[PDB]
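1. This one's a deposited entry, sequence included:
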Protein chains: 4
Amino acid sequence: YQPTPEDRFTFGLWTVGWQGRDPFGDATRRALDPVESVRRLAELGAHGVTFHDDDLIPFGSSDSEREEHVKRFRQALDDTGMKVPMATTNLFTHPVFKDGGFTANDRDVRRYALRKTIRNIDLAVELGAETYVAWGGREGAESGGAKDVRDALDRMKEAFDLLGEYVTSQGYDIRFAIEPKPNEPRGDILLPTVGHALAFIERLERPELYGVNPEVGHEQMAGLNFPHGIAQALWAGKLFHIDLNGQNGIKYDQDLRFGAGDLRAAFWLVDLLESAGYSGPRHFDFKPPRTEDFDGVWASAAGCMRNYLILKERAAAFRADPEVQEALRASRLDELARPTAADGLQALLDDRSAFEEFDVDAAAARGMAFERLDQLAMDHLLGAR
Amino acid sequence: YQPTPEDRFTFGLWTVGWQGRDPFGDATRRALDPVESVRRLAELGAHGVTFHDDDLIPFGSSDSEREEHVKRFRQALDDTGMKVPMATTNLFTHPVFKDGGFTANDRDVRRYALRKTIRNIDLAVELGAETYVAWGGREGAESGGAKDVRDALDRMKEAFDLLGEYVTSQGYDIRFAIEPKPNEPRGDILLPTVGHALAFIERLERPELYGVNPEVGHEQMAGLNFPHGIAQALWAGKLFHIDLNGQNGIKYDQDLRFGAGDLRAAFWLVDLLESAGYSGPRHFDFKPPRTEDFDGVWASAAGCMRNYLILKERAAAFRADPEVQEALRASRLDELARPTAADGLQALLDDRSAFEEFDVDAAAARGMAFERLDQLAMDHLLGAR
Amino acid sequence: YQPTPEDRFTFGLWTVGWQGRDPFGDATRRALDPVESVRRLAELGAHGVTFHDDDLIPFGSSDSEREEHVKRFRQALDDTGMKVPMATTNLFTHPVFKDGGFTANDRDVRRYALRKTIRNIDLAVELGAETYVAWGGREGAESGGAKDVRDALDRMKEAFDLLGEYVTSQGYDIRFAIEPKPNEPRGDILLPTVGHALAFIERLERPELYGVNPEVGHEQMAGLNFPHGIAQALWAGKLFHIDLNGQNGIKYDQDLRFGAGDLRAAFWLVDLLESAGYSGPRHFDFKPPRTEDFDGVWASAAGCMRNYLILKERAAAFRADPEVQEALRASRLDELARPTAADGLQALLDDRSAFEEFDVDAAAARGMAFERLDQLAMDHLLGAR
Amino acid sequence: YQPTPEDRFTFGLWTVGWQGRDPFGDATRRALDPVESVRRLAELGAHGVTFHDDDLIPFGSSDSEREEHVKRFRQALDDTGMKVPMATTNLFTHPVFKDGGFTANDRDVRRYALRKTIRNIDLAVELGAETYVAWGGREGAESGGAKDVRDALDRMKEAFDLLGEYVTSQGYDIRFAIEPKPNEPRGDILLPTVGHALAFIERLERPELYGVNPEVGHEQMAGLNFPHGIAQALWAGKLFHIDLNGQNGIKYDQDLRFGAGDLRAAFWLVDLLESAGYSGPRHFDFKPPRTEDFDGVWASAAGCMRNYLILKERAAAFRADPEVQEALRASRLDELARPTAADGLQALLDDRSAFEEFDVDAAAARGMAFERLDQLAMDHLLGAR
Ligand SMILES: [Mg+2]
Ligand SMILES: [Mg+2]
Ligand SMILES: [Mg+2]
Ligand SMILES: [Mg+2]
Ligand SMILES: [Mg+2]
Ligand SMILES: [Mg+2]
Ligand SMILES: [Mg+2]
Ligand SMILES: [Mg+2]
């Protein structure tokens, strides 16, 4: 199960470069030169890297250091063939963003957040990114009175509309993807789930420029079914990007490598992405645990891609299995895909078989045969099939 | 804290009428005649009742029993002045709905679900309901392969569009509200949160006919901030109805009386509903615990309204407190309400105070004063103020 | 992966016999004659059945019906070779237990609960059960004032001590196992986790007569690591019995078939049970989903045993893998098993290599190599190894 | 509601001294001199401070800097009258503890952890601490194979037994308290709940030297009822210490000030502590949110004590209310405190009123009147009474 750049696996600089500082511990690893990470990730079979502006250009760099850093990075991209499909802004690390970026109560911080973002959009376009991700990790509150949510949504809409105006006025061909997270580092974060972000996009001035970048661990921190949420995003035509990792239930954001955490959900996710023809990057946003040295970092990063490829195999085997296709018909997955009432309202109303002469007890008695279907999915996942 | 019909408190027949059957226990209470519940609820200060078709008309009733039941109910409404602002369909109790109603895999069940619903819409209009609620409690799955979610969303859209066609073709003045629930009785339920339902409505043929009916306990079963979700629904203009109860964290749907469960959240919810001018019914969907006899049932139902009125008082006191308004300005809630960039994109770009000459360290050093504001909210809630 | 009676797989009568009534739905299946379940389970490879008194003898049966029911059951056991390793009392279904059995506030109910239990202990001994399970499903509260927990623990200790006196005075060779559950059907249940039950047993008069019967789904309803809890029970010498099923995170008690839910946890559990030499019954407490007809019921029950056997295989392969044993040494699992200070306190104090001359920075720099070890566990689980 | 030193309110140096570094953000506050915190906390009405060795003495200090730091601290304690009732060891910040202290896989780290602890025990005794707290925050695992839990419990028992030997051999009058936490910073932490720690203590060589130090937010991170767990610890005679803060459900450890989070639970906790006569320190382990400047830090710390005192008032009012005492008798809290069977086993067996002639239907029909009792508890909490 060896990854190729055609698998579109991408990594953030901040993932393998995480020094292992957590709320209760100091770094267990020295910092990684982005040039060294680009080269190590290319050797592992990755297709591309992503970056926050602050990952690449240390905060407060002069314009001459800034261009020196870009030029070094650009050399590493050119030496390796690595792409940069996605860029994002760090609006969460610096103390100035402690109440958020786009929805900070302080207006001058909101304007600074927009300028910091716009600067990096120019740079992202320059580096060829086609998706610009926005993770409002500091947008939210620990207490109810700290944030009027309707005002914050106004400010959030205003920020995203202005970003959309700037993109179309520059004639840039780049789209935005909102990354939801229900909590941490804020007590509650605005647009907490895929659903909340999808609803929000429909109120923007140019909705067609915005989609979602859902993350496995984030929806699972709310106990939600991450495959279900992805299906709805696809149904809406709004899955612009996706973040893969693992999470062991409702607790702090663990950012385990993909496939760790809820293994059955990872299987159903890959089944959905592959069967829907999702063609975006397969992005890993994970943290090698701080127990690990650099050898463990690359091992964890390899395991990300490996577990995707294994699950991709098992899902395809499951869908191609004639006994599964038989069981799918046994549970009437075929009838689920048919229109309830293509004959239209009036025909439905006059159809006495739909109500007056419907045998309710016969229909109730029919088994759905879901457990046999699920055990076949299990057998396939486990390679007992 | 005595409720009046002007408080628009409403109860489902199924709430006070719950016999106390749970997954592990038999009924602890005899069944309630709906006529007796209408009369008891009117004596408690309720404004109205709601019903599932099956609450009012026993399943499979002849057309003559059906009209006898309506006529008895109509007499109780006329004798008490109770209104019926909202009606809904039971698409979950009968075994025939075990895989759902609108998204059942079986097409004939889907058509039956639509006819069962349409019949009750006629009856709801007759009884004067202005909101028709849809809770897809059986729509979903315990296993990943049982339901193609994109197909189910198609079938769900199709059902709701047809309902919208039937309403507009009949010239009915009634709107629909989708009630989300993340799980139980299904392992995962479709449209699991307020966000997911809001996004879904934007894809219907006549979006203006559909809103949400969020329920406290349901969003909290996903660990979400229920006040935040309500704010987004209001921001969208889609809060058509609301269900009030209590819930002690992420576990089974407890349907505790309102104010039980997360007390601080109940306070912030009432603060939001009152300050936004929400004018719909204050509907209680709760279950008097099965430890209780009928005296405990009415006691629990009284406590629902009482806790709303107490919290309504404390929220208003909080918002009217000049020291709170001062603290709100101290945490820049006023600046949050101002446009980030009413001067427009180009002016923002040329504004060197927004970036080139922005003192990031000065802005970072400013405290948000959120903890003092929250302790004032606490003092008010507790009547220590 | 075919089960044999030597695998010690056991099922409750109430598991396959669940009619599919849930909080929101009526039965979807007719009731099962216990004699028919005993015969069907024997054909599936089960080793034994368990029962609540009320599963076997309908509540309130005359002494002549009671013995007729036992005699019919005894015939089915004799015709099939099925054993009854475990029996338990239903102290939760009848409305009289709505506030509990052993810790009901009403004393006459507590005495009735003890007599109901003692009667069934006699019957369990007669049928040869060696473990008597107690699941205090109604012991607890929805509200804080309803139950003084210290008093309830007194009443719980008193009940269990008296049960222990009755057993030793009758010269019965039977032991008790407490089954913890954190919630549902009560808002919070007493002795909510394995830990709470283990602590409680140490205060009983004859602690040696009592152990725990942990259940997968129950500890996971608290987000706990079920393998970890089982290890502690084993460490204490108190794992008398175990209940296997599946659960998808913190929500209502799903009682999915074993292997569904958290698949990686099921793998680590089987690894622990097998490597510790657990020799008790492998008991399945699960509910075939109500979507299923009787064919789906037996399919689900077969899947229980199958998933255990598959996981048992993969765990053994993992532990026997020399590259795993190498990786285990690489992460110092061997050093974890050695005494920290077998040289004793004074030697440790005088050992300057333990502190004064300990190279803290060298030790910190060592990687734990946990991620490589976990990916090997993953590969084995997935049959990619 | 002004605190006095007789209220026994204590704070960790690390609480008010938290610089606001979280997983996603840099410090928002400069470091606090412990001498300045001791003085500020004394002005707020605190009774005492607690410390990790590393809070007080910077890691790796010479013996001359070490005594200079103690001497400065000792001067601040002497100038203010502040006590040090509890001390603890930092076995979690330094990278060397990344796999734990007492249960690190590496033996030399385990010995170093014991020496680091023993050194601070001497210092704690010198400063007069009577409780030594152990929070095994790094003891546990992110993956199943990384830690054999039975071995780790052996190593944990060994460490605590040796600590007990050292204490009794030195003739120190100090006791140990284990602080449980279910997760974070490890994926799962050993001894995850109060129950797990209580069970563990019963296997130590000198159990009488060890109790628990439970923390509000920690048990709530597992969805458990923190008042219930405290009652069991009291019942066991093992509540040696307690940590107070707030937590909004199952998510990352928020360390909100006490009274924030689950307000009703905080009320029931104070009711229990006061009615049981708990006489230990009321210790706050919380973090002023990083949105706050130093003014917000002291405001948050004041709010801790204030919310305890308010709740203490409301609980006492509730218990002294004759209508509550009446309602308590109505729900048979009095009968719960009586022995089920003080007449003994044989008398119970011969008592036909306990079974043969017990009217089960009469007893079932009795209401528990729990909802009226809970609404009275609510009214008292809210000051609507
Ligand atoms: Mg994450
Ligand atoms: Mg991400
Ligand atoms: Mg509900
Ligand atoms: Mg509802
Ligand atoms: Mg269960
Ligand atoms: Mg069980
Ligand atoms: Mg904490
Ligand atoms: Mg603590």
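-> Sure, I can see it. Numbering: from 1, shown residues only, chains lettered A, B, ... in the order given. Ligands and ions are numbered 1, 2, ... in the order given.
2. Any idea how many residues pack against the residue nearest to residue A:20 when sequence neighbours are not counted?
-> In space, and not counting its chain neighbours, residue A:20 is closest to residue A:290: 3.1 Å by C-beta to C-beta, 6 or more residues apart in numbering or on different chains. (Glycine included, C-beta is placed from N, CA and C.) A count of neighbours around residue A:290, defined by other C-beta atoms under 10 Å in any protein chain shown, yields 23.
3. Residue A:290 contacts residue D:96, correct?
-> No - checked against C-beta atoms under 8 Å, the pair residue A:290 and residue D:96 is beyond contact range at 11.9 Å.
4. Which single residue of the stretch 201-350 of chain A ends up nearest chain D?
-> Closest to chain D within the stretch 201-350 of chain A is residue A:252: 3.8 Å, counting by C-beta to the nearest C-beta.
5. My read is that that residue contacts residue D:181, right?
-> No - Residue A:252 is beyond contact range of residue D:181, at 11.7 Å (criterion: C-beta under 8 Å).
6. circling back to that earlier point, contact partners for the residue nearest to residue A:20?
-> A:18, A:20-22, A:25, A:27-29, D:95, D:98 (C-beta atoms under 8 Å, 6 or more residues apart in numbering or on different chains).
7. Neighbour-wise, give me the winner out of those.
-> residue D:98 (27 neighbours).
8. Ligand 2 contacts on the stretch 251-385 of chain A?
-> By C-beta under 5 Å from the ion, the residues of the stretch 251-385 of chain A that approach ligand 2 are residue A:285.
9. what ranges do the helices span in the stretch 251-385 of chain A?
-> A:263-276, A:294-320, A:322-330, A:333-336, A:345-350, A:360-365, A:370-381 (DSSP state H, counting those that start in this stretch).
10. neighbours around the residue in the stretch 1-150 of chain A that ligand 4 sits nearest to, how many?
-> Using C-beta to the ion, the closest approach of the stretch 1-150 of chain A to ligand 4 is made by residue A:149 at 22.6 Å. Taking other C-beta under 10 Å as the criterion, the count of residues near residue A:149 is 24.
11. mind listing what it touches?
-> Residue A:149 touches A:190, B:227-228, B:231-232, B:235, counting by C-beta under 8 Å, 6+ apart.
12. Determine how far the helix or strand hosting residue A:43 lies from the middle of the whole chain.
-> Per DSSP states H and E, residue A:43 falls inside helix A:34-44. Distance of helix A:34-44 from the chain centroid (C-alpha atoms, centre = their mean, to the nearest Å) equals 22 Å.
13. got it, and stretch A:129-144?
-> So, by C-alpha atoms, centre = their mean, the centroid of stretch A:129-144 is 13 Å from its chain's centroid.
14. What is the end-to-end distance of that stretch?
-> Stretch A:129-144 has an end-to-end distance of 37 Å (criterion: C-alpha to C-alpha, to the nearest Å).
15. close to chain B, is it?
-> Yes - contact between stretch A:129-144 and chain B, assessed by C-beta under 8 Å from any C-beta of the partner chain, occurs at A:141-144.
16. Now, of these, which are buried?
-> For those, a neighbour count by 16 or more other C-beta atoms under 10 Å in any protein chain shown gives the buried set as A:141-144.
17. of all those, which comes closest to residue A:240?
-> Top of the list for closeness to residue A:240, among these and by C-beta to C-beta, is residue A:141 at 27.1 Å.
18. Quick check: the closest one touching residue A:188?
-> Yes - using C-beta under 8 Å, residue A:141 is in contact with residue A:188, at 6.1 Å.
19. Name the nearest residue to the residue of the stretch 151-300 of chain A found nearest ligand 1, ignoring sequence neighbours.
-> Nearest residue of the stretch 151-300 of chain A to ligand 1 (C-beta to the ion) works out as residue A:253 at 4.1 Å. In space, and not counting its chain neighbours, residue A:253 is closest to residue A:184: 5.2 Å by C-beta to C-beta, 6+ apart.
20. so how far is residue A:192 from that neighbour?
-> 11 Å (C-beta to C-beta, to the nearest Å).
21. Look at the two and report which has more neighbours.
-> Using other C-beta under 10 Å, the more surrounded residue of residue A:184 and residue A:192 is residue A:192, with 30 against 22.
22. how far away is the nearest residue to that one once chain neighbours are set aside from residue A:247?
-> What sits nearest to residue A:192 in space, not counting adjacent residues and going by C-beta to C-beta, 6+ apart, is residue A:182, at 3.9 Å. Taking C-beta to C-beta as the measure, residue A:182 falls 12 Å from residue A:247.
23. more neighbours, the two?
-> For the pair residue A:182 and residue A:247, the greater number of neighbours falls to residue A:182 (28 against 25), based on other C-beta under 10 Å.
24. Show me what residue of chain A gets nearest to ligand 4.
-> residue A:195 (18.2 Å).
25. all strands of the stretch 101-250 of chain A, in order?
-> In the stretch 101-250 of chain A, the segments counted as strands under DSSP state E, counting those that start in this stretch are A:131-134, A:140-141, A:175-178, A:188-189, A:210-212, A:243-244.
26. which other residues reach the last one?
-> Contacts with strand A:243-244, where a contact means C-beta under 8 Å, 6+ apart, come from A:179, A:213-216, A:218, A:258, A:282-286, A:304, A:308.
27. Check the fourth one too.
-> For strand A:188-189, the external contacting residues (C-beta under 8 Å, 6+ apart) are A:136-137, A:139-142, A:180-183, B:224-225, B:228, D:248.
28. Turn the residues you listed into CSV, including distance to ligand 5.
-> Shown next, in CSV, are the contacts of strand A:188-189 (distance: C-beta to the ion, whole Å):
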residue, distance to ligand 5
A:136, 39
A:137, 37
A:139, 39
A:140, 35
A:141, 36
A:142, 35
A:180, 32
A:181, 31
A:182, 27
A:183, 28
B:224, 25
B:225, 29
B:228, 32
D:248, 27
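29. Drop anything exposed from the residues you listed.
-> A:136-137, A:139-142, A:180-183, B:224-225, B:228, D:248.
30. hang on, the earlier thing: I'd like to know which elements the helix holding residue A:43 is packed against.
-> Secondary-structure packing of helix A:34-44 (3 or more C-beta pairs under 8 Å, 6 or more residues apart in numbering or on different chains; DSSP states H and E): helix A:13-16, strand A:48-52, helix A:63-80, helix A:294-320.
31. For it, C-alpha coordinates in CSV please.
-> The C-alpha trace of helix A:34-44 is given here as CSV (Å, rounded to 0.1, in the frame of the first residue of the first chain):
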residue,chain,number,x,y,z
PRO,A,34,9.8,23.7,6.2
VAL,A,35,12.3,22.9,3.5
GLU,A,36,13.2,19.7,5.3
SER,A,37,9.6,18.8,5.8
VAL,A,38,8.8,19.3,2.1
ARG,A,39,11.6,17.0,1.2
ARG,A,40,10.8,14.3,3.8
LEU,A,41,7.1,14.4,2.8
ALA,A,42,7.9,14.1,-0.9
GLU,A,43,10.0,11.0,-0.1
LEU,A,44,7.0,9.5,1.7
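32. can you tell me which of the strands of the stretch 101-250 of chain A comes nearest to ligand 8?
-> The nearest among these, by C-beta to the ion, is strand A:188-189 at 22.9 Å.
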